[PDB]
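Those protein sequence lines, which keep their order, are chains A and B. Every number in this note's numbering is 2 more than the matching position in the first sequence, counting from 1. Every number in this note's numbering is 36 more than the matching position in the second sequence, counting from 1. Everything on this sheet refers to the single structure shown next.
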Amino acid sequence: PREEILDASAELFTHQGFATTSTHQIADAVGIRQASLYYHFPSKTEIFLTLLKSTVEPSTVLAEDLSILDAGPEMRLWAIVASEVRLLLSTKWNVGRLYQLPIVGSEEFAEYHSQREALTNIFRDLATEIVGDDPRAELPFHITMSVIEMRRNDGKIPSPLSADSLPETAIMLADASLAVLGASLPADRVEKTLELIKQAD
Amino acid sequence: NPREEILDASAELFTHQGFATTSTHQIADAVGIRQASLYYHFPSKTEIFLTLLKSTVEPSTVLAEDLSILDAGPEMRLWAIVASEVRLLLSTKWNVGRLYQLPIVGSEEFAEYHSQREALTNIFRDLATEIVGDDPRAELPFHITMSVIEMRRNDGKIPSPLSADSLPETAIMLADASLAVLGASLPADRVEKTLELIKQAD
Ligand SMILES: [Ca+2]
Ligand SMILES: [Ca+2]
Numbered sequence: 003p004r005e006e007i008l009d010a011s012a013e014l015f016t017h018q019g020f021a022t023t024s025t026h027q028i029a030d031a032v033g034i035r036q037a038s039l040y041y042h043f044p045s046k047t048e049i050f051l052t053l054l055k056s057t058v059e060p061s062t063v064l065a066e067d068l069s070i071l072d073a074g075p076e077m078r079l080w081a082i083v084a085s086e087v088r089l090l091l092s093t094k095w096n097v098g099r100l101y102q103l104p105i106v107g108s109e110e111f112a113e114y115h116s117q118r119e120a121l122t123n124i125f126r127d128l129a130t131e132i133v134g135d136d137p138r139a140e141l142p143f144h145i146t147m148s149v150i151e152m153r154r155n156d157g158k159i160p161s162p163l164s165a166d167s168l169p170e171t172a173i174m175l176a177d178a179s180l181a182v183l184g185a186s187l188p189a190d191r192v193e194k195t196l197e198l199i200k201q202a203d
Numbered sequence: 037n038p039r040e041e042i043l044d045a046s047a048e049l050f051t052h053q054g055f056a057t058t059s060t061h062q063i064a065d066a067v068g069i070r071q072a073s074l075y076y077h078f079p080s081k082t083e084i085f086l087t088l089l090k091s092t093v094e095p096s097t098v099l100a101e102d103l104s105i106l107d108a109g110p111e112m113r114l115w116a117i118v119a120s121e122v123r124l125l126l127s128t129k130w131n132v133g134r135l136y137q138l139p140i141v142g143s144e145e146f147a148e149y150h151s152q153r154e155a156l157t158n159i160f161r162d163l164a165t166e167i168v169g170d171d172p173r174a175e176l177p178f179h180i181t182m183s184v185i186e187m188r189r190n191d192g193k194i195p196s197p198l199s200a201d202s203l204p205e206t207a208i209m210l211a212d213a214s215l216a217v218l219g220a221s222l223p224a225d226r227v228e229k230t231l232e233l234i235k236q237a238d
């Protein structure tokens with residue numbers, strides 16, 4: 003029930019934006035009364051904040067586990083990029099699209115800002131391990147987020163989460179993120195990250 | 037140039053608030069004119085928005101169109117296009133590239149904009165396909181170019197004013213990165229060659 007409301011909200015917010023969307027629309031989309039929505043969420047801001055968090059929280063939690071990979075920065079950066087893109091592709095709606103809404107900057111979404119800042123920092127310092135004090139350390143994060151401009155947004159999931167497979171687009175973008183730094187690709191990178199994903203459970 | 041002041045103030049409001057929240061009242065006050073004198077230059081905020089989108093997209097499609105037809109290999113041509121695109125995105129007071137991302141832009145009113153974006157995207161893609169063939173990496177160079185919209189300032193100060201004899205570091209970086217993802221080697225003379233090409237578009 004909660005999951006349904008969040009999905010319907012993603013659909014409305016990605017197509018109409020935040021300002022234009024009412025809670026009335028969200029209730030009708032899900033086929034429930036406005037009262038039963040109010041029970042699960044007080045306002046459309048709370049819903050929006052929950053969506054934004056859902057797209058960065060899981061990857062920051064994952065980046066805890068990166069040091070336990072007994073591996074170099076290239077491998078660690080590849081795995082993070084790939085698993086981030088994996089999550090962005092695992093959803094019914096293109097919820098990553100939401101960060102581009104101008105509303106997101108406001109102080110209400112401070113919890114989201116902090117998580118985004120944490121993630122951005124993890125990407126950057128890993129890249130700095132590879133190229134040092136170079137402006138290219140900025141690129142891997144932006145290449146990762148470019149998938150939001152690539153995927154579908156019609157309710158069908160681009161790539162459902164598999165225990166034993168990474169989607170081609172995640173492999174591409176992760177390969178591309180090391181390529182811009184001039185880093186060589188670890189041969190075992192796909193298994194190694196699938197392994198890491200598996201022992202986050 | 038009163039019309040131009042109105043368009044700048046509108047860029048500022050639209051990039052920070054979005055389209056829906058922005059009123060014509062705000063635009064008049066930002067510029068310090070009466071609502072009536074605004075109505076004279078523009079009937080609605082849609083007309084203003086459409087004018088902004090045109091102003092930013094037309095010059096870059098013209099740039100891509102012209103560069104795609106030059107006596108060099110695809111690597112050089114793609115590098116120059118990426119670099120000169122980023123150059124333009126960085127030459128403006130406001131981050132007008134940010135406007136593309138607004139969900140309003142998808143609607144049928146902005147069909148003229150959609151066609152220009154599609155044209156530009158196609159130029160980037162076919163140039164990349166000259167390098168890597170039928171590969172999904174042909175999509176990347178355009179997206180790497182547009183990533184500068186998430187990098188630059190948006191406070192009224194111009195990040196990199198247009199120079200006849202210099203490309204901004206960020207344009208060189210992203211252009212280098214766009215060839216790097218395709219595994220293409222960088223032409224040594226690429227910075228001068230593009231500056232030259234920019235110069236003989238005048
Ligand atoms: Ca979809
Ligand atoms: Ca600025």
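Beta carbons: idealized from backbone N, C-alpha and C, even for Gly.
In the displayed model, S196(B) falls within coil according to three-state DSSP, outside both helix and strand. Taking C-beta atoms under 8 Å as the contact rule, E131(A) and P75(A) qualify, at a distance of about 4 Å. Within the DSSP secondary-structure output, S108(A) pairs in no beta bridge. DSSP, read as helix, strand or coil, puts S221(B) in coil.
Sixteen is the threshold: since fewer than 16 other Cβ atoms of the shown chains lie within 10 Å of the Cβ of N123(A), the residue is exposed. Less than 8 Å divides the Cβ of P204(B) from the Cβ of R123(B). The beta carbon of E76(A) sits no closer than 8 Å to any beta carbon of chain B. A Cβ-Cβ contact shorter than 8 Å links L156(B) with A100(B). In terms of Cβ geometry, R226(B) and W130(B) do not form a close pair [threshold 8 Å]. Annotation for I150(A): no alpha helix (DSSP H) segment contains it, and DSSP assigns it neither H nor E. Linking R113(B) to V58(A) through their CA atoms gives a straight-line distance of about 37 Å.
Leaving aside the five residues that flank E41(B) on each side, the residues in its chain whose CB is nearer than 7 Å to its CB run, in chain order, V67. Under DSSP, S202(B) shares a beta bridge with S199(B).
Shown in chain order are the members of the segment 153 to 187 of chain B whose Cβ falls below 8 Å from a Cβ of chain A: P172, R173, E175, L176, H179, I180, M182, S183, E186 and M187. In the pairwise beta carbon analysis, the segment 16 to 36 of chain A is classified as not touching the segment 64 to 81 of chain B: fewer than three pairs are separated by under 8 Å.
The beta carbon of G54(B) falls within 8 Å of a beta carbon belonging to chain A, placing the residue at that interface. Among the residues of chain B, none has a CB under 8 Å from the CB of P160(A); the nearest is roughly 13 Å distant. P44(A) is classed as exposed because its beta carbon has fewer than 16 other beta carbons within 10 Å across all chains shown. Here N123(A) carries a helix assignment [DSSP, helix/strand/coil].
Under the 10 Å beta carbon count, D44(B) is surrounded by 16 or more other beta carbons and is classified as buried.
Taking 7 Å as the cut-off, one finds at least one heavy atom of ligand 2 near enough to the beta carbon of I194(B). Of the residues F50(B), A64(B), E228(B) and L218(B), the one whose Cα lies closest to the Cα of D170(B) is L218(B).
Between the alpha carbons of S104(B) and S96(B) lies a distance of about 12 Å. Contact annotation for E205(B) against chain A: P137 [CB-CB distance below 8 Å, chain order]. In this structure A176(A) is in contact with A84(A), their Cβ atoms being roughly 4 Å apart against a cut-off of 8 Å.
Your pair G133(B) and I185(B) checks out as a contact, with CB atoms roughly 4 Å apart and the cut at 8 Å.
Taking 8 Å as the cut-off, the Cβ atoms of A12(A) and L51(A) do not count as close.
Distances from the alpha-carbon of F160(B) to those of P172(B), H150(B) and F178(B) put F178(B) closest.
With a cutoff of 8 Å on beta-carbon distance, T51(B) and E145(B) are scored as not near each other.
In chain order, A213, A216 and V217 make up the part of chain B whose C-beta sits under 7 Å from the C-beta of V182(A). At a threshold of 7 Å, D9(A) does not count as near ligand 1, since its beta carbon sits no closer than that to any of the ligand's heavy atoms. Cα atoms of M174(A) and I63(B): separation of roughly 44 Å, rounded to the nearest angstrom. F178(B) sits in a helix when the DSSP states are folded into three classes.
Not one heavy atom of ligand 1 falls within 7 Å of the beta-carbon of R99(A). In this structure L198(B) is exposed. Its beta-carbon is surrounded by fewer than 16 other beta-carbon atoms within 10 angstroms.
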